[PDB]
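First comes the structure, then the notes that go with it.
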Amino acid sequence: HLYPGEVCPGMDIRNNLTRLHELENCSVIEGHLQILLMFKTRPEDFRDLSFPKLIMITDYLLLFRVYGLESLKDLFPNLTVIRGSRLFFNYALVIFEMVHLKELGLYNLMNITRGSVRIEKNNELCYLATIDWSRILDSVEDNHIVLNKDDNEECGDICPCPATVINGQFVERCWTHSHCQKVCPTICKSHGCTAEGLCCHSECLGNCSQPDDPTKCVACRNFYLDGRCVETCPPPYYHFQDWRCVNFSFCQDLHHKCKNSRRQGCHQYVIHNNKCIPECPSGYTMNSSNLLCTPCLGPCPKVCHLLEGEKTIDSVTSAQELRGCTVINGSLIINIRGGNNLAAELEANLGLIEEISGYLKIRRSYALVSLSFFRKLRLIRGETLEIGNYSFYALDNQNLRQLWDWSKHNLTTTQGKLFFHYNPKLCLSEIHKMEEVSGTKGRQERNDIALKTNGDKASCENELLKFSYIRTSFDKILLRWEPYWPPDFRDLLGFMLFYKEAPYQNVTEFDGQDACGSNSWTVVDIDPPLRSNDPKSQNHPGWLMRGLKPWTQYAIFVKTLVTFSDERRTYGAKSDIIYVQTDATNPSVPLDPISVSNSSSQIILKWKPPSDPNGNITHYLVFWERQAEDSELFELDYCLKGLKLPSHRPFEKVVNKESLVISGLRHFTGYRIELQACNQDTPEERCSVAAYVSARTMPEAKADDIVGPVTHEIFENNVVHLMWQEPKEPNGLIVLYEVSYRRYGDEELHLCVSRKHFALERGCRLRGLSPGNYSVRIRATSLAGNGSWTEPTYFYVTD
Amino acid sequence: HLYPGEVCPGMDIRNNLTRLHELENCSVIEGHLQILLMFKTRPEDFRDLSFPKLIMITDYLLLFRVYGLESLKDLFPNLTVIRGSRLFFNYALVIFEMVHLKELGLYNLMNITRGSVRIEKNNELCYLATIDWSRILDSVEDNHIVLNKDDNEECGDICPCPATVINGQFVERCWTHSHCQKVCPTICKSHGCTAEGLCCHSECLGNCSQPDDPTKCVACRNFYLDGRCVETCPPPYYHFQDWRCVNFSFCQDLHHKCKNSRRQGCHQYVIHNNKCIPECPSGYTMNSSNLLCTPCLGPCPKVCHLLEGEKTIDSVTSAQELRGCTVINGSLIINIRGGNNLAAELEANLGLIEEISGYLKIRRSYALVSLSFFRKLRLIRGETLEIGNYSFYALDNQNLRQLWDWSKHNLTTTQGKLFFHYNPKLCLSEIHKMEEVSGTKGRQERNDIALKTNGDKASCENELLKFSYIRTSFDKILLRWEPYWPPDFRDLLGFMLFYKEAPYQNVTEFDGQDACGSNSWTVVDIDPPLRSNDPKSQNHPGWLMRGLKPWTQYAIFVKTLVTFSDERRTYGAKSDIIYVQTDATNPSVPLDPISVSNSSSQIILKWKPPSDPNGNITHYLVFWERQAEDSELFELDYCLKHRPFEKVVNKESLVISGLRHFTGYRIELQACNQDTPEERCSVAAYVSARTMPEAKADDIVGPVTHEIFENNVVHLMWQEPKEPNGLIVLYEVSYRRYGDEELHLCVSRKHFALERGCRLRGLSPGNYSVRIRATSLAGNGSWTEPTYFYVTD
DNA sequence: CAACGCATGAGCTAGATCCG
DNA sequence: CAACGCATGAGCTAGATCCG
């Protein structure tokens, strides 16, 4: 047969040889097989155990710290292929730290599909270089066989096989002293082969029985089906673990085996593209009965069935299993017995839930002030209830002042009863507002929710405050609200002014952050103003808020304050929040202006947008200046050592970009470049200080050398005068003419003429000239460098 | 008289001219006089007002933004002297941002005692450079007169007195166009002077009526006594405000006017060294009846008389008023309605208080931990009681678990009643421990302190856990305690292991209150162990801690944990804390290894102690080696362009002397503790140094002989230094003829090696003088003898 | 009679209807 | 019968009486 034996799950053996007994009849082992850490095991109980029918291994084989095995060929006589479907530690087969292993014995391996082999730290193995991994392993660039007994060539290495020449040597490759590694002709690479060199059927591997038959060889390639195997089996069956395909009656049971959540090593198996896969991936969720996966229009829930029907969340890690879960099929109870700060972390841990079916009880909650962490709650089913048929439960909580923001939120409880007892910091109108947004209207117990033990310790307020005049500047805003008095004008402590900046308008109401936590509202208090006994008076109390960064939206509100006493009045008043943006001003400086010179007439300049914009900037303002050369360099004797080598004002309104090039300018000239960032213009044209950079453009190739009639005059004392013309536009400035004269047979002897020496003389001279035929050649060396040479002018003075 | 008028406290005037009316009869203004910020004042309201009797100013005179004045002489006709006892803004007289001041008018100013004058931003002033400030003030370097109308020389400067020559010019010095600055002869400096040059009595200043009399000049120097003034008045009187002295009957009344604490401009005046001073300073405290000041052995209390009998404490700022008080003369109430973290700041703010006279009330305490911030409480008097005659009050505090550690604390309560209601986390036995340390034993009200609303929500524990075996490594510590089971061994959640390091043993205990702490006991939890139904089994549970630093004392304890139920049993158990130090290991590397070379032989070397000592380091271990010469210099033509040790103990620096001169040396050093068991020495750090040349070993002595060849090329033969400083690289070889200078030549290392000497090609025949100097790589040396040889023509 | 002038704007002297 | 050996010591394989 192909695989006549039994399927067999991946196992693990430790500290005994007892649980190796369950490999009696299984032939293919999906998963992996790790046997590790046996210590009190003699070498004698291995010479009678064997497993003759074992062939297929999917993931890896790992033998690690075994004491008593000397040759594992007596345990694995017939395994041929390792699929390598899961890598272990970036390896596929690892034998490690064997203490009594004489020889390996893996003489029947044919094709490692994926991965590499690793053998370390074994002072008892030989024949390790007689394997020819290159004929089994497709990738030998990951092999790692170091620190063994064959670190020194000392163990014999004799064996009775082709003795292949894969390297430059006639290396003989044997497994044991009784077996060589089998190599037949390479006319078919991995197609399976015989002892007589006949290649077997194209779709199988390894050991073979009859050639060119897909029904009686051993280990085939892609899949397997009932004694046959084709590369893509037809879809009465769907592929499974990339080595089989099977009818959907089979693997629909395994989905129902661990729908009973008893082992989390399984997967809720789904059908997708004829692959009974663990999970159809992101952008896909499963349907109920057909076991397919649905293209998941928008976000699809990833339902999260709760364990044991209920749960209590008390810290971070109890809720950290709940991250990503959206629909919960049970009941939840929150209880933060103290705690420092959860008000920042529940949104990243549980702030994406929408659906629960049981009941939500809060109790003993110390540092919770709102329920704004429940961002996406819309419906509670209430299928299971608390005793007395209760669905929402609140008891003995000391800081709860808000439940939700009912202006922008929706919540419905289908059945059950709400509960609110001994919750002294939440006013009675809120749970009345909670009653109207929910489904229940008259479902009360009598006694229902406690009307006296809730909100008694907290003065909930019923009056509003409006502003009167708001004023802007670039730095300071101004507030002045309408006056107020309590019904006793003596009992008044003043007001508090809460403010913070706001980039958006999804800003919370005063959530009452009183425990530990993040950024609260920064606040200053106000001395209560003077009584005047007049209706028209200066009773409007003002305050200046000063230290504000400009061009930023800022939110404000003001709250009353009163002492606590026996009378249940003078509740105070509370303003509503608004939004006020400050004005803008002069902006910041530009950043990093970069000048690059490519040609003599192109000069590109790029900068970076400014650090502080202070409003939408309209454009940029640029200015340049044509620099001047140094006038003190004109009077230097340049044949003394030291020669130099360098490297309104018009404008444009550059808009909507980041760089600009300027053309039409002088060659090899320095330029001081300054540019201003500047906001809106036709009212209050106001710009920053310019960033200043320097720039010199490229020189021109012919501006250095001069052409002209080089005429000469011979005097009576053999001092020949020389007249020529200067460069009209030098690259910066001419500094020295390399005047040189050459007699035939004599070298190019050079002289000097300075800038002022050429200026005073209008040429040069040559004193003490020997009579002959000389050739005078000049090079005009400017400050940008040397020019070209002139024509070597011929003149002959005779004896 | 000397000062006939009246004393006058320092006033401030703003927004009007009405409150100058109270200066009608006073003559000396102690303090300062600031008149500032009037706007709705015409320039014509001043010409009918003056103050003819003003003489002395103690601190400063400040005129700032006055609209309507034009000349100060209309108001201050007799203003003479400024004492400058307090400097405003580091100046003594400031006339600033005046708008209509044409000319100054202050002409009688004689002596500024301390400070300088500042006139700024007045573009209507003239004659400002006609003052001669050096003959009024004693310091002129700190003067600052800038940006006036005299920024340009434009206002005339015409004036009818010496026109002195203090600078290089004949500058005229005068105040107005009608008066000039008066300077008499300098035979006496500031001793008072007449118009006729007669110097007055030695102890006064300024204007004067009759000379050489201490009774009828005007402004005198040190003090003042009844028309006379002597430089130190006898102690029937005590000096006051450094310008007067007076009997003790005077300033004992101002001490009693101040004890009616109606203004914080007080100074509780005490007598000290005949000076009725504001405060006798630190190291001194006043006595009650005698009004002197006592030398204050130890810290003396600086008593803190609390206002309106009581006070509330809720934040960082209400307690910041009472920093540095020890005794409080009233009752105190605290109420911490939440907050974030206030445990770490109370000892910095109020941890030095000792005594309370009234009563102490705690209500609505939310986020407290203990009362250990009250470090030095020992007694509460209870001179005021609460309603129902109550002295201690704790009510509705939802977290409190520990009052004090009574083993290291003493506290008493004289009278009153204690109150403990609705404090559900504090054990009932702690108040019984509070009852026995207090003064009261059986003064109960019935109903007294609540025995039911306190301790119900928190099971205070009554059983202890002992340890069984501790083991230490250099990095890990192993812990194992005796087993424990509740009376129901199903109800058990495990244990908690709190630990933190501690350099001392004054460690806070666990209390079990939430206050939002930066440092805390870091904790891991333990799975509860297996039940085995055997007394002798492996029921001792263990845990290993690993992430520690070596050689550090560490404190540990373990607490039980159980579910909350309705039966009032299974409270749990709590171990007692102990201390366990880790072991020591191989230490770190020493730091900052610096070696300096001062001579050719001495090498001083200095380092630092290591960053990680890991125990008491016993000694050090040094190793030096003889660095070899760089042999790559052997081929450069320079005519072109075991190891000895010592166990150094108990010091930080070491010198290595008595060794071979001019050799480079690589030296290393190790730091390590004890040796003969567990030989533990650390890694080494390496230095390098280079030394100085010698005097005579670089120079070679020897017969510089010459061999004469026939081609006028005389050979030269001498010897090389057998021990130079390192390596001889160039012999400064030279030859000198009569009338010629010492003409030099050069020779490399190989050239003297290949030839064994030198030559001189194409030599003029004469009596030459051949002298060689040895110039090694470290510098030059001495010359040899200039050798004479006379080749003939 | 509804910003600017007869100050500056958070560096021991007031604190933006604070002033008319 | 009271540290070492027949591992390492917090880098998908156990977690310091974890194995005797």
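Ligands are numbered from 1 in the order shown, chains are lettered A, B, ... in the order of the structure tokens, and residues start at 1 in each chain.
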
Could you list, as a list in words, the residues of chain A having an atom within 12 Å of chain B when counting only C-alpha atoms?
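Here they are: residues 336, 337, 338, 339, 340, 341, 364, 366, 367, 396, 397, 398, 399, 457, 512, 513, 514, 515, 516, 517, 518 and 520 of chain A.
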
Those same residues, written as a PDB file, in the first residue's frame with N, CA, C and O atoms?
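Final output, saved to part-v7.pdb:
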ATOM      1  N   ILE A 336     -13.355  47.394  40.798  1.00  0.00           N
ATOM      2  CA  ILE A 336     -12.015  47.932  40.970  1.00  0.00           C
ATOM      3  C   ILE A 336     -11.886  48.290  42.442  1.00  0.00           C
ATOM      4  O   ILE A 336     -12.238  49.399  42.862  1.00  0.00           O
ATOM      5  N   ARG A 337     -11.382  47.344  43.235  1.00  0.00           N
ATOM      6  CA  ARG A 337     -11.188  47.544  44.669  1.00  0.00           C
ATOM      7  C   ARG A 337      -9.955  48.422  44.858  1.00  0.00           C
ATOM      8  O   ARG A 337      -8.836  47.954  45.076  1.00  0.00           O
ATOM      9  N   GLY A 338     -10.178  49.727  44.761  1.00  0.00           N
ATOM     10  CA  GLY A 338      -9.091  50.679  44.792  1.00  0.00           C
ATOM     11  C   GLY A 338      -8.542  50.955  43.409  1.00  0.00           C
ATOM     12  O   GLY A 338      -9.210  51.582  42.582  1.00  0.00           O
ATOM     13  N   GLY A 339      -7.323  50.492  43.144  1.00  0.00           N
ATOM     14  CA  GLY A 339      -6.666  50.736  41.878  1.00  0.00           C
ATOM     15  C   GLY A 339      -6.154  52.161  41.741  1.00  0.00           C
ATOM     16  O   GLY A 339      -6.629  53.101  42.378  1.00  0.00           O
ATOM     17  N   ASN A 340      -5.149  52.321  40.883  1.00  0.00           N
ATOM     18  CA  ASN A 340      -4.584  53.648  40.657  1.00  0.00           C
ATOM     19  C   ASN A 340      -5.194  54.337  39.436  1.00  0.00           C
ATOM     20  O   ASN A 340      -5.849  55.375  39.566  1.00  0.00           O
ATOM     21  N   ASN A 341      -5.033  53.750  38.255  1.00  0.00           N
ATOM     22  CA  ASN A 341      -5.549  54.334  37.020  1.00  0.00           C
ATOM     23  C   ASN A 341      -5.922  53.195  36.094  1.00  0.00           C
ATOM     24  O   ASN A 341      -5.040  52.474  35.621  1.00  0.00           O
ATOM     25  N   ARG A 364     -18.634  48.136  44.665  1.00  0.00           N
ATOM     26  CA  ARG A 364     -17.438  48.473  45.446  1.00  0.00           C
ATOM     27  C   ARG A 364     -16.404  49.273  44.657  1.00  0.00           C
ATOM     28  O   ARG A 364     -15.217  49.257  44.995  1.00  0.00           O
ATOM     29  N   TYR A 366     -14.089  52.007  43.443  1.00  0.00           N
ATOM     30  CA  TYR A 366     -13.508  53.079  44.235  1.00  0.00           C
ATOM     31  C   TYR A 366     -13.109  54.263  43.366  1.00  0.00           C
ATOM     32  O   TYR A 366     -13.390  55.416  43.710  1.00  0.00           O
ATOM     33  N   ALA A 367     -12.460  54.000  42.238  1.00  0.00           N
ATOM     34  CA  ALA A 367     -11.840  55.042  41.432  1.00  0.00           C
ATOM     35  C   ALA A 367     -12.430  55.109  40.029  1.00  0.00           C
ATOM     36  O   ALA A 367     -11.732  55.405  39.058  1.00  0.00           O
ATOM     37  N   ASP A 396     -22.831  50.677  46.308  1.00  0.00           N
ATOM     38  CA  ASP A 396     -21.722  51.088  47.177  1.00  0.00           C
ATOM     39  C   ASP A 396     -20.512  51.563  46.371  1.00  0.00           C
ATOM     40  O   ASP A 396     -19.426  50.987  46.423  1.00  0.00           O
ATOM     41  N   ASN A 397     -20.722  52.638  45.618  1.00  0.00           N
ATOM     42  CA  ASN A 397     -19.698  53.196  44.745  1.00  0.00           C
ATOM     43  C   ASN A 397     -19.601  54.688  45.017  1.00  0.00           C
ATOM     44  O   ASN A 397     -20.625  55.374  45.090  1.00  0.00           O
ATOM     45  N   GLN A 398     -18.374  55.187  45.166  1.00  0.00           N
ATOM     46  CA  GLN A 398     -18.144  56.444  45.862  1.00  0.00           C
ATOM     47  C   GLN A 398     -17.718  57.603  44.968  1.00  0.00           C
ATOM     48  O   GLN A 398     -17.518  58.705  45.484  1.00  0.00           O
ATOM     49  N   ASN A 399     -17.553  57.398  43.659  1.00  0.00           N
ATOM     50  CA  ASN A 399     -17.106  58.480  42.788  1.00  0.00           C
ATOM     51  C   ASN A 399     -17.868  58.579  41.472  1.00  0.00           C
ATOM     52  O   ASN A 399     -17.498  59.401  40.627  1.00  0.00           O
ATOM     53  N   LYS A 457     -24.915  62.883  49.229  1.00  0.00           N
ATOM     54  CA  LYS A 457     -23.664  63.483  49.668  1.00  0.00           C
ATOM     55  C   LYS A 457     -23.112  64.455  48.626  1.00  0.00           C
ATOM     56  O   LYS A 457     -22.183  65.217  48.917  1.00  0.00           O
ATOM     57  N   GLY A 512     -15.033  64.585  36.316  1.00  0.00           N
ATOM     58  CA  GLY A 512     -14.729  64.482  37.729  1.00  0.00           C
ATOM     59  C   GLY A 512     -13.510  63.645  38.054  1.00  0.00           C
ATOM     60  O   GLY A 512     -13.566  62.801  38.950  1.00  0.00           O
ATOM     61  N   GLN A 513     -12.406  63.868  37.342  1.00  0.00           N
ATOM     62  CA  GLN A 513     -11.188  63.080  37.524  1.00  0.00           C
ATOM     63  C   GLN A 513     -10.567  63.434  38.872  1.00  0.00           C
ATOM     64  O   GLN A 513      -9.922  64.474  39.021  1.00  0.00           O
ATOM     65  N   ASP A 514     -10.775  62.565  39.868  1.00  0.00           N
ATOM     66  CA  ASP A 514     -10.351  62.827  41.240  1.00  0.00           C
ATOM     67  C   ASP A 514      -9.351  61.828  41.816  1.00  0.00           C
ATOM     68  O   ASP A 514      -8.646  62.172  42.772  1.00  0.00           O
ATOM     69  N   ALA A 515      -9.272  60.612  41.282  1.00  0.00           N
ATOM     70  CA  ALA A 515      -8.240  59.649  41.648  1.00  0.00           C
ATOM     71  C   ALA A 515      -6.965  59.959  40.862  1.00  0.00           C
ATOM     72  O   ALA A 515      -6.766  61.076  40.374  1.00  0.00           O
ATOM     73  N   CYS A 516      -6.057  58.988  40.765  1.00  0.00           N
ATOM     74  CA  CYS A 516      -4.949  59.132  39.828  1.00  0.00           C
ATOM     75  C   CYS A 516      -5.475  59.144  38.399  1.00  0.00           C
ATOM     76  O   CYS A 516      -6.598  58.714  38.117  1.00  0.00           O
ATOM     77  N   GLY A 517      -4.636  59.607  37.485  1.00  0.00           N
ATOM     78  CA  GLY A 517      -4.995  59.521  36.087  1.00  0.00           C
ATOM     79  C   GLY A 517      -4.149  60.457  35.247  1.00  0.00           C
ATOM     80  O   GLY A 517      -3.097  60.927  35.675  1.00  0.00           O
ATOM     81  N   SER A 518      -4.658  60.721  34.051  1.00  0.00           N
ATOM     82  CA  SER A 518      -3.980  61.533  33.054  1.00  0.00           C
ATOM     83  C   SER A 518      -4.229  63.017  33.292  1.00  0.00           C
ATOM     84  O   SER A 518      -4.655  63.409  34.386  1.00  0.00           O
ATOM     85  N   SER A 520      -5.707  66.354  33.770  1.00  0.00           N
ATOM     86  CA  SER A 520      -6.985  66.890  34.192  1.00  0.00           C
ATOM     87  C   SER A 520      -7.147  68.285  33.614  1.00  0.00           C
ATOM     88  O   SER A 520      -6.282  68.792  32.895  1.00  0.00           O
TER      89      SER A 520
END

Segment 344-359 of chain A: which residues within 9 Å, counting only C-alpha atoms (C1' of nucleotides), same-chain residues fewer than 5 positions away excluded, as a count of residues only?
40

Each residue of chain C lying at most 9 Å from chain B should get a row with its shortest atom-to-atom pair and the distance in Å to one decimal, counting only C-alpha atoms (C1' of nucleotides); could you produce that, ordered by chain and increasing number, as JSON lines?
{"residue": "C:6", "atom": "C1'", "partner": "B:39", "partner_atom": "CA", "distance": 6.3}
{"residue": "C:7", "atom": "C1'", "partner": "B:65", "partner_atom": "CA", "distance": 8.0}
{"residue": "C:12", "atom": "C1'", "partner": "B:88", "partner_atom": "CA", "distance": 6.2}
{"residue": "C:13", "atom": "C1'", "partner": "B:36", "partner_atom": "CA", "distance": 8.0}
{"residue": "C:14", "atom": "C1'", "partner": "B:37", "partner_atom": "CA", "distance": 8.9}
{"residue": "C:19", "atom": "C1'", "partner": "B:39", "partner_atom": "CA", "distance": 8.9}

Output C-alpha atoms (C1' of nucleotides) of each residue in that selection to a file, as a short mmCIF file (atom, residue, chain, number, x, y, z; two decimals), in the first residue's frame.
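Wrote it out as result_32.cif, contents follow:
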data_model
loop_
_atom_site.label_atom_id
_atom_site.label_comp_id
_atom_site.auth_asym_id
_atom_site.auth_seq_id
_atom_site.Cartn_x
_atom_site.Cartn_y
_atom_site.Cartn_z
"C1'" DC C 6 -3.01 111.75 30.37
"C1'" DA C 7 1.52 103.97 31.67
"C1'" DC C 12 10.11 95.75 46.24
"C1'" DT C 13 4.19 99.43 41.99
"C1'" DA C 14 -1.65 98.45 40.13
"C1'" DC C 19 -9.22 104.94 35.33
#

Would you kindly report the residues of chain A within 9 Å of chain D, using only C-alpha atoms (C1' of nucleotides), as a list in words?
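The selection requested is residues 36, 37, 39, 40, 65, 67, 88 and 89 of chain A.
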
Could you save the residues just selected, with C-alpha atoms, as a PDB file, in the first residue's frame?
ATOM      1  CA  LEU A  36      13.583  14.787  25.694  1.00  0.00           C
ATOM      2  CA  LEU A  37      15.096  14.604  29.188  1.00  0.00           C
ATOM      3  CA  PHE A  39      18.191  10.464  32.676  1.00  0.00           C
ATOM      4  CA  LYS A  40      17.797   7.251  34.687  1.00  0.00           C
ATOM      5  CA  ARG A  65      19.369  14.902  26.173  1.00  0.00           C
ATOM      6  CA  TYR A  67      21.022   8.832  27.849  1.00  0.00           C
ATOM      7  CA  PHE A  88      11.384  24.410  15.086  1.00  0.00           C
ATOM      8  CA  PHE A  89      13.783  27.164  16.186  1.00  0.00           C
TER       9      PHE A  89
END

List as an mmCIF file with N, CA and C atoms, in the first residue's frame the protein and nucleic acid residues near residue 621 of chain A, meaning an atom at most 12 Å away when only C-alpha atoms (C1' of nucleotides) are counted, but skip any in the same chain fewer than 6 places from it.
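Written file, selection-v9.cif:
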data_model
loop_
_atom_site.group_PDB
_atom_site.id
_atom_site.type_symbol
_atom_site.label_atom_id
_atom_site.label_comp_id
_atom_site.auth_asym_id
_atom_site.auth_seq_id
_atom_site.Cartn_x
_atom_site.Cartn_y
_atom_site.Cartn_z
ATOM 1 N N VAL A 589 10.677 81.528 12.043
ATOM 2 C CA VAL A 589 11.693 81.658 11.001
ATOM 3 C C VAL A 589 11.597 80.429 10.098
ATOM 4 N N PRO A 590 11.968 80.515 8.819
ATOM 5 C CA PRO A 590 12.142 79.296 8.022
ATOM 6 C C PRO A 590 13.283 78.439 8.550
ATOM 7 N N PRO A 650 16.285 92.483 -6.296
ATOM 8 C CA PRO A 650 15.117 91.868 -6.932
ATOM 9 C C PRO A 650 14.616 90.652 -6.166
ATOM 10 N N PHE A 651 13.353 90.321 -6.417
ATOM 11 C CA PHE A 651 12.627 89.364 -5.593
ATOM 12 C C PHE A 651 11.513 88.734 -6.419
ATOM 13 N N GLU A 652 10.911 87.685 -5.860
ATOM 14 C CA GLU A 652 9.662 87.124 -6.357
ATOM 15 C C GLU A 652 8.807 86.724 -5.165
ATOM 16 N N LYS A 653 7.496 86.640 -5.394
ATOM 17 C CA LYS A 653 6.566 86.113 -4.397
ATOM 18 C C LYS A 653 6.347 84.635 -4.704
ATOM 19 N N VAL A 654 7.259 83.811 -4.191
ATOM 20 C CA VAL A 654 7.155 82.370 -4.378
ATOM 21 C C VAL A 654 6.015 81.824 -3.525
ATOM 22 N N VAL A 655 5.121 81.069 -4.157
ATOM 23 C CA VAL A 655 3.941 80.545 -3.482
ATOM 24 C C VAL A 655 3.893 79.032 -3.651
ATOM 25 N N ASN A 656 3.295 78.370 -2.656
ATOM 26 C CA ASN A 656 2.755 77.010 -2.740
ATOM 27 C C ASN A 656 3.794 75.944 -3.078
ATOM 28 N N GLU A 658 8.320 74.663 -2.271
ATOM 29 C CA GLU A 658 9.377 74.558 -1.279
ATOM 30 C C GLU A 658 10.760 74.910 -1.817
ATOM 31 N N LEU A 660 13.096 76.961 -5.296
ATOM 32 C CA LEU A 660 13.075 77.839 -6.457
ATOM 33 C C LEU A 660 14.494 77.997 -6.979
ATOM 34 N N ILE A 673 21.765 85.209 0.284
ATOM 35 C CA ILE A 673 20.384 84.817 0.040
ATOM 36 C C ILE A 673 19.639 84.862 1.363
ATOM 37 N N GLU A 674 18.524 85.584 1.392
ATOM 38 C CA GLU A 674 17.708 85.662 2.593
ATOM 39 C C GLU A 674 16.243 85.486 2.223
ATOM 40 N N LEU A 675 15.513 84.770 3.069
ATOM 41 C CA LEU A 675 14.137 84.427 2.757
ATOM 42 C C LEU A 675 13.305 84.510 4.026
ATOM 43 N N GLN A 676 12.074 84.991 3.879
ATOM 44 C CA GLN A 676 11.185 85.253 5.000
ATOM 45 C C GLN A 676 9.930 84.408 4.868
ATOM 46 N N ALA A 677 9.584 83.690 5.934
ATOM 47 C CA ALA A 677 8.260 83.100 6.055
ATOM 48 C C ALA A 677 7.310 84.172 6.560
ATOM 49 N N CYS A 678 6.085 84.157 6.048
ATOM 50 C CA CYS A 678 5.209 85.301 6.228
ATOM 51 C C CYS A 678 3.771 84.880 5.960
ATOM 52 N N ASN A 679 2.894 85.134 6.932
ATOM 53 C CA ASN A 679 1.491 84.737 6.877
ATOM 54 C C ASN A 679 0.695 85.763 6.065
ATOM 55 N N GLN A 680 -0.634 85.776 6.252
ATOM 56 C CA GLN A 680 -1.577 86.570 5.462
ATOM 57 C C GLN A 680 -1.204 88.051 5.414
ATOM 58 N N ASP A 681 -1.383 88.638 4.231
ATOM 59 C CA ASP A 681 -0.525 89.728 3.785
ATOM 60 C C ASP A 681 -1.237 91.065 3.643
ATOM 61 N N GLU A 685 0.648 93.123 6.960
ATOM 62 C CA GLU A 685 1.794 92.497 6.313
ATOM 63 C C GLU A 685 2.900 92.376 7.355
ATOM 64 N N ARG A 686 3.043 91.179 7.917
ATOM 65 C CA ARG A 686 3.942 90.945 9.036
ATOM 66 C C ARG A 686 4.704 89.649 8.788
ATOM 67 N N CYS A 687 6.028 89.739 8.795
ATOM 68 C CA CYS A 687 6.853 88.592 8.453
ATOM 69 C C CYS A 687 7.931 88.469 9.522
ATOM 70 N N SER A 688 8.619 87.335 9.525
ATOM 71 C CA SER A 688 9.618 87.056 10.548
ATOM 72 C C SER A 688 10.967 87.640 10.128
ATOM 73 N N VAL A 689 12.013 87.335 10.882
ATOM 74 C CA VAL A 689 13.368 87.686 10.480
ATOM 75 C C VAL A 689 13.834 86.681 9.433
ATOM 76 N N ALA A 690 14.591 87.157 8.451
ATOM 77 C CA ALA A 690 15.066 86.284 7.392
ATOM 78 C C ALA A 690 16.225 85.423 7.872
ATOM 79 N N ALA A 691 16.198 84.154 7.480
ATOM 80 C CA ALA A 691 17.380 83.322 7.610
ATOM 81 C C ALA A 691 18.344 83.649 6.479
#

Where in segment 168-252 of chain A does DSSP assign strand (DSSP E or B), given as a VMD selection string?
chain A and resid 174 180 193 199 205 219 225 228 238 to 240 244 to 246

Can you pull out every residue within 12 Å of residue 771 of chain B, counting only C-alpha atoms (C1' of nucleotides), but drop anything in the same chain fewer than 4 positions away, and send it as a list in words?
residues 700, 701, 702, 703, 704, 705, 716, 718, 731, 732, 733, 734, 735, 736, 737, 741, 742, 743, 744, 745, 782, 783, 784, 785, 786, 787, 788 and 789 of chain B

Set the distance at 10 Å and use only C-alpha atoms (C1' of nucleotides): which residues neighbour residue 151 of chain B once local chain neighbours fewer than 5 positions away are removed? I'd like the list as a ChimeraX atom specification.
/B:123,145-146

Write the residues of the preceding selection, restricted to C-alpha atoms, as a compact mmCIF listing (two decimals), in the first residue's frame.
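What ended up in again-v1.txt:
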# COMPACT_ATOMS: atom_id res chain seq x y z
CA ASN B 123 13.27 114.33 28.50
CA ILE B 145 21.65 108.57 34.55
CA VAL B 146 20.78 107.75 30.95
